[PDB]
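Shown below, as structure tokens, is a lone chain in the form deposited in one PDB entry; questions about how it binds or moves come after it.
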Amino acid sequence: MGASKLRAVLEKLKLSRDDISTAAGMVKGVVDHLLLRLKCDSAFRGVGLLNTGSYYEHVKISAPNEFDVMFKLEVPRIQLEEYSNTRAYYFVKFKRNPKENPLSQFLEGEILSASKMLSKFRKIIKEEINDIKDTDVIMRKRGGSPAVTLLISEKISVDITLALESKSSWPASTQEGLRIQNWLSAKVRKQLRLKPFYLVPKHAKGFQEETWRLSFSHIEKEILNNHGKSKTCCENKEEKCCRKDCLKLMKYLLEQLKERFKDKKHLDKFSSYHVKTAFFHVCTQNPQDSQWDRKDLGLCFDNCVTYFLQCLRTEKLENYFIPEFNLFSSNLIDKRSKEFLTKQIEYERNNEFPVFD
């Protein structure tokens, strides 16, 4: 009866998924143009999409016209140098000479200037969009990633993020992360940690302008699309779990609250990544597929709220790959804000989530 409201929500959220094809078509066309234009440039010759065939992703479950795209570009024989003790932010250096290095034009002494590479990236896409019909660049103010935001027609918006790709083994700060062993298995954790990692240009703590931040959204996607202890989770009537549903609700709950109190400015610092990160932690605490039965959707969603609430109240939310990086440290989000969102979430669940209606 109470899980009934939740399924109602999900059905209406699912509604904005049939006509993706008409908008996703316009996104694919614009990013193919931009890729080909950037490949025509020496510094960006190896540029490419993250998952070809998965052009876009939807960060905002409630804004289906807002698309997220990642352009990756391989940097062979990269040498990272961790910035301060932040565990997630790195200066980028090169094992090889600038003659062997196409990013050579972007060096600032020994390090890869994120601001120089971003400037050129933006200029090319900017100059190129001027020769694409119904598209404009609204572009920034987010540390570097995303680099640009495009406005296709006057309706669809695409965030384009540059990312360096490295095929070397993941940095030491990730040694004790990705604690999937009891859930998806040690075999799988070992397979995933053989994949590339990415660095996206992001400022760090005034600010340090040339840092890069580790990014694992390709691993996040891989886990969500292959998410169960049973290899056949969600492949038949008898093994339908509510993991993905719960993450949607978590996401929708935060976006609605952010909308509900946009005039107040306490929830501006929270994002979908925070509830995705907490969601993965809950999967780790609850690794059996029987702890996510669809008939238990109400109870499962409640556990995600209760975990997240404890994260706010204790001010701990470890990045799921870099356990010593705390998304909720007082240096990143202040206590007043966490207490405000605590109060609202606590209100919402005590009244069967009126923000859902």
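In this text, rigid core is short for the largest set of C-alphas that superpose within 1.5 Å between two forms. Residue positions are given as counts along the sequence shown, with the first one as 1.
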item	value
At least a third of other PDB entries omit residue 53	yes
Flanks modelled, residue 183 absent in at least a third of other entries	no
Extent of unmodelled deposited sequence, residue 206 relative to residue 205	1 to 3
Residues of the deposited sequence that sit between residue 140 and residue 139 yet are not modelled	1 to 3
Stretch with the higher entry mean CA B-factor, where the candidates are 95 to 103 and 255 to 263	95 to 103
20 to 28 versus 336 to 344 - greater average Cα B-factor per the deposited record	20 to 28
C-alpha B-factor winner, where the candidates are 176, 235, 222, 110	110
Criterion, highest CA B-factor; candidates, 162, 156, 172, 282	156
Among modelled residues of the same chain, the CA temperature factor third for residue 115	highest
CA B-factor ranking of residue 69, expressed as a third of its chain	middle
Where the record places residue 315 (Cα B-factor, split into thirds across the chain)	middle
Third assignment of residue 323 from its chain's C-alpha B-factors	lowest
Residue 53 - which third its CA temperature factor falls in, relative to the rest of the chain	highest
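Heads up, the form solved in complex with a small molecule isn't pictured, but that's what we're talking about next.
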query	finding
Contact of residue 220 with the small molecule in the deposited bound form (heavy atom, 4.5 Å)	yes
Residue contact check: residue 277 to the small molecule in the deposited bound form, 4.5 Å heavy atom	yes
Heavy atom of residue 150 within 4.5 Å of the small molecule in the deposited bound form	no
Contact label in the deposited bound form: residue 60 to the small molecule, heavy atom within 4.5 Å	yes
Partner-contacting position among 92, 164, 246, 214 - heavy atom within 4.5 Å of the small molecule in the deposited bound form	214
Contact segment among 99 to 107, 206 to 214, 77 to 85, 123 to 131, judged by heavy atoms lying within 4.5 Å of the small molecule in the deposited bound form	206 to 214
C-alpha of residue 306 moved at least 2 Å between this form and the one not shown on rigid core	no
Large Cα move at residue 187 between this form and the one not shown, threshold 2 Å, rigid core	no
Threshold 2 Å Cα movement between this form and the one not shown for residue 56, core superposed	yes
Residue pair residue 56, residue 318 - Cα distance in the deposited bound form, closer or farther (3 Å or more)	farther
In the deposited bound form, whether the C-alpha atoms of residue 118 and residue 56 sit closer or farther than here (change of 3 Å or more)	farther
